[PDB]
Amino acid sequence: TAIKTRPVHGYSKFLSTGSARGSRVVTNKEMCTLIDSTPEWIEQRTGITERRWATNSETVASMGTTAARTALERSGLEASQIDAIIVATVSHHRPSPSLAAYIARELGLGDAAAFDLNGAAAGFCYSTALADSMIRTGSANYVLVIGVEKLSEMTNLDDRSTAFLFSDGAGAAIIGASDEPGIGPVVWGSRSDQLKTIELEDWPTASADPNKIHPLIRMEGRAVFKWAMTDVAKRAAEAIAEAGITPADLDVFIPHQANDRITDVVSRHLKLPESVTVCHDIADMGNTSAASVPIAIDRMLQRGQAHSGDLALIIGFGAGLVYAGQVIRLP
């Protein structure tokens, strides 16, 4: 007895974006009263001058819902037409149900496939690749993809090497079917023999500690930069090639905003010409993990650094170690 399948038919494309950063502006000046560091060391080492933190009223569910509502309104779709929602996060601290289910309820989605994905800072790029595959194999038609984090809660203010890095926010995109390729092939993988490079504390350990609520982020920044400069840069070049273009065909490069030095060294490895606009939004954003790429897409489009129809290389890389990147056409 044979099993019938749906065809692989057509492609997919971004239809719209939206973002909702944390509302609290934390300058390096204010940061240096919370940690022992200086504002010009921070800016020198990372390019960060300020970052956004969520207030106590901005949860990953409310930020994710806000970003998604903006994407929905801009897409011209009705909420009833969304039939998949994917949320990339490490900040949904409830085991079950998923943050996708909570956001689906706020939006009043109907019969939508709904799941959370944990791909660390690569999660939005992981989720984009999946959305494209789902649409092309007919298991979804309009996919809401959200990267959302609230890293301030897990930031170690006694760790001067990392306290100044992390920020809070959501970015969202709606992906739909397309006659022409709008999402190029994903180049993704992992380096799990390097797992100890970025590790968060486990919740049972935090829970037993009477002096803390949340687990803390730990990061070996020098190992991270070496990996980003060496191996991630090569995966980015592969993602461009798999899309059937050269670096000079790109209009914009939007890496995960981990460090200005990382962004710069990958740009040079790719030998990007002056015509390629490179995202340096880390300046007022810091590191928002899986929310980094979709926030930056939205904001670059908003300020005219990027335009509809531009080709953008997006790539995320983070704890695991994991990575994922692809070329997309901006909506």
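Start at 1 and count along the sequence shown; that's the residue number.
Asker: Which is higher on average in the deposited entry, the C-alpha temperature factors of 167-175 or of 136-144?
Answerer: Per the deposited B-factors, the answer is 136-144.
Asker: Decide which of the stretches 121-129 and 79-87 has the higher mean C-alpha B-factor, going by the entry.
Answerer: Averaging CA B-factors over each stretch, the winner is 79-87.
Asker: In terms of CA temperature factor as recorded, identify the highest of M229, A112, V186, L151.
Answerer: Answer for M229, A112, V186, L151: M229, with the highest C-alpha B-factor.
Asker: Quick one: which of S207, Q257, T162, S98 has the biggest Cα B-factor according to the entry?
Answerer: Checking the PDB record, the top C-alpha B-factor among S207, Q257, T162, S98 is at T162.
Asker: Per the entry's values, where does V327 land by CA temperature factor relative to the rest of its chain, in the lowest, middle or highest third?
Answerer: CA B-factor rank for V327: lowest third.
Asker: Quick check on the deposited entry: does the C-alpha B-factor of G309 sit in the lowest, middle or highest third of its chain?
Answerer: For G309, whose C-alpha B-factor we compare with every modelled residue in the chain, the answer is the middle third.
Asker: Would you mind checking where the Cα B-factor of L157 ranks among the modelled residues of its chain, as the lowest, middle or highest third?
Answerer: It belongs to the highest third of the chain when residues are ordered by C-alpha B-factor.
Asker: Grab the CA temperature factor for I282 from the record and place it in the lowest, middle or highest third of its chain.
Answerer: Ranked within chain, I282 CA B lands in the middle tercile.
Asker: Of the three thirds of its chain by CA temperature factor, lowest, middle or highest, which one includes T46?
Answerer: Answer is highest: the recorded C-alpha B-factor places it there.
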